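Before any questions on binding or motion, here is one chain by itself as structure tokens, the form deposited in one PDB entry.
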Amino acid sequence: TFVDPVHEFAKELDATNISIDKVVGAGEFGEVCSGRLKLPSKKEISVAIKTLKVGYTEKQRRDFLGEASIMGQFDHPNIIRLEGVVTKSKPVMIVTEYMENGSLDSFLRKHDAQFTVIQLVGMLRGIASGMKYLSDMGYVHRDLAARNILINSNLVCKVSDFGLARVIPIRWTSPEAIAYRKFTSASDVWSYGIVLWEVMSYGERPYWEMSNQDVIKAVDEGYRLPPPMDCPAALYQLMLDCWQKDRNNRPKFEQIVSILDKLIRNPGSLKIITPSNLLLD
């Protein structure tokens, strides 16, 4: 079980064991970079490193480290691993798993139509497995989107961004969560359906740049994102199932993992195949 919120769930790292190799850019609370971490066993690993800006407010420190408090509760191959934090010296740091290929949406946009369906399904299965664990822990992510999935050198996808985490992204949010803030694991399943569309579309933006009011209204009227080009029928059906109006009729994450595992085991099933216009369902 997830517990709503730092040293209970995060290791205090010795800054001597951290080196910075490359500065990436600016983040919400400070700089983002990458480097290396020396483990207590002397093993050296690549890591992502985020720093808290100089002259931070106490609220900024709380929100920054609050992410570590959440992330550190999870230990799963498809959830970004927290290596630890540095708080006893400044700048304060959060040190996480290095993911060479970055955010999934931007990665796929660089590779349009360049992966096999089975490769894409493997990515999707990883994401589903991480979400099955999160939901098992009673954590509703609320910000599940391809931009918040990171992908490593071997194409393994892992859930990231534990900032809207709980015990306003309209395009990824279920209708009931938009209507009256009804967030449940089934609203994360809705979001997963959107991620599924994002992946099969190679990082196209869900609902393109439709007015937010129209995204809300169209979805409520029963309109759904159209099948991505060359999308297997099984995967478009899975999207539609994730996007059921009645949240009780959406599959559970365990069921999504099982569905994808069957497709991986019977890749011929993906050969049955199912634009900027929404389809009424």
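One rule holds for the numbers: they count along the sequence shown, beginning at 1.
Between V167 and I168, how many deposited residues lack coordinates (none, 1 to 3, 4 to 9, 10 or more)? Count of unmodelled residues in between: 10 or more.
As stated in the PDB record, which stretch has the larger average Cα B-factor, 212-220 or 56-64? Per the PDB record, 56-64.
Mean CA temperature factor from the deposited coordinates, higher in 223-231 or in 24-32? Mean C-alpha B-factor is greater for 24-32.
C-alpha B-factor winner, where the candidates are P175, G163, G138, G84: Highest C-alpha B-factor among the listed options: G163.
Sorting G72, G203, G126, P91 by Cα temperature factor from the record, which one lands on top? Within the set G72, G203, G126, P91, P91 shows the top C-alpha B-factor.
Keep in mind the form deposited with a small molecule bound is missing from the figure; the text below concerns it.
Segment assignment from 226-234, 247-255, 24-32, 208-216: heavy atom within 4.5 Å of the small molecule in the entry with it bound: Partner-contacting stretch among the options: 24-32.
The unique member of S160, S185, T173, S201 whose heavy atoms fall within 4.5 Å of the small molecule in the entry with it bound: Exactly one residue meets the criterion: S160.
Of the residues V92, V189, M99, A177, which one places a heavy atom within 4.5 Å of the small molecule in the entry with it bound? Exactly one listed residue reaches within 4.5 Å, namely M99.
Would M71 count as a contact of the small molecule in the entry with it bound, using a 4.5 angstroms cut-off between non-hydrogen atoms? Although the small molecule is absent here, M71 would touch it in the entry with it bound, with heavy atoms inside 4.5 Å.
Quick one: does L150 come within 4.5 Å of the small molecule in the entry with it bound, counting heavy atoms only? Output for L150 is yes: heavy atoms within 4.5 Å of the small molecule.
Answer with yes or no whether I80 is in contact with the small molecule in the entry with it bound, where contact means some heavy atom within 4.5 Å. Judged by the heavy-atom cut-off of 4.5 Å, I80 is in contact with the small molecule in the entry with it bound.
4.5 Å heavy atom contact, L37 to the small molecule in the entry with it bound: No, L37 is distant from the partner.
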